[PDB]
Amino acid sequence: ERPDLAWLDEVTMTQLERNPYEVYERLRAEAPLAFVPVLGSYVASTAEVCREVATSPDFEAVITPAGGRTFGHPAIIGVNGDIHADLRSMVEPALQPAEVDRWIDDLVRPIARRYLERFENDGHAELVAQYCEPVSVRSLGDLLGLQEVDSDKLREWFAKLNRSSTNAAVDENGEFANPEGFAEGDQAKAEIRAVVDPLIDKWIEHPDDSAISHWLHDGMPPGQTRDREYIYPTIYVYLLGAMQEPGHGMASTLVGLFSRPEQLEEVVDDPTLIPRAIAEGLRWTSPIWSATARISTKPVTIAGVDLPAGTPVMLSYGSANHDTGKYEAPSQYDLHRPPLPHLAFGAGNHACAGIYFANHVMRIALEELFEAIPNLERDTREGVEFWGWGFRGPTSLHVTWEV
């Protein structure tokens, strides 16, 4: 409907999944708030608009259409008011910085060592499948109480939930263009229920120190637990992004460092720079790229667009983190960029609840990797492909080292 943006009618979902940065570079210049037809939604592409929408008192959280189809209600990302406050109070205890500092090292470092010892003498590895994803899912899985669920299964689940919740394409009538793409999300949820329902049965009667046991029991009257249907959508939210993103963030950081070999050497020589390297990695390729949204609660004007009440806006934080109003040459990974604010963890009342935990998981994993394989090199015979619009990360990362 906006005439000068008629080129957006020809943008495809495949194009956005393969590489969204060219389209979003145009959006940031032409229309920082723009209706993208294949997504069926307004999209915020600049840091200023994303931050305004994410923190505005005239917006509240809304789940994306494909996210709602995947997760249902009450997904912590899609609710507000009293339910959101309860769900935040439910998840926040184990994520509190003082609590994380008590046990994060004894959690992650032995896991990292376990996966490293499977390949650290091979001279070759595919780090996404062999290290970054396993460490990410095993760390969170143990925290949650899913010790018995193999890392391969956790990885499969987040992949299916990723594809289902980002199955956003709509057709000429605004209907989902690929409804069969939700089937694997439904199958993952069915498998998750089969594994987790017996665990919940047990935790209700025999609480333990697992996070999900605490979700059932914390803050409840004596002998009562939160209904499992009330907490399952947030379990699913964890089994997608909480499981996937630390691995994506570590992997993207490594790809970025490999692209700047002098900076890789600096970080290997001085591991106190790992946190800075990760923060630049998250800006450079944001793991949660465009997966959340807000909805206006009253008429509002944003970036010159008059929006009615009830208008959803997707928050494309991954684009905002390449805003050239803020960053010079943002498509280049640069460890020595000044430590400016970034939006890879979102903003506002629905900002990431697990930042401190996530940053430590990624730090410890990279510390142990560089200690075990100080002469790590990228295998330049193999290409690194990034994939994803909603969630983005490298699909593989082949490396080599002299043994």
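Just count from 1 along the sequence shown to find any residue number.
The PDB entry reports B-factors from which the mean C-alpha value can be compared for 62 to 70 and 366 to 374; the larger average falls on 366 to 374. Averaged over Cα atoms, the B-factor as recorded in the entry is higher for 117 to 125 than for the other of 117 to 125 and 282 to 290.
When the C-alpha B factors of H350, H336, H360, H342 are read from the deposited coordinates, the top value falls at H336. Going by the entry's values, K326 shows the largest Cα B-factor out of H84, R138, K326, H248. In this PDB entry, the Cα temperature factor of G318 sits in the bottom third of its chain's modelled residues, the lowest group.
The deposited CA B-factor of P37 belongs to the lowest third of values across its chain. Ranked against the other modelled residues of its chain, the C-alpha B-factor of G388 as given in the entry falls in the lowest third.
When all modelled residues of the chain are sorted by CA temperature factor, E382 is found within the highest third.
Among all modelled residues in its chain, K189 ranks in the lowest third by Cα B-factor.
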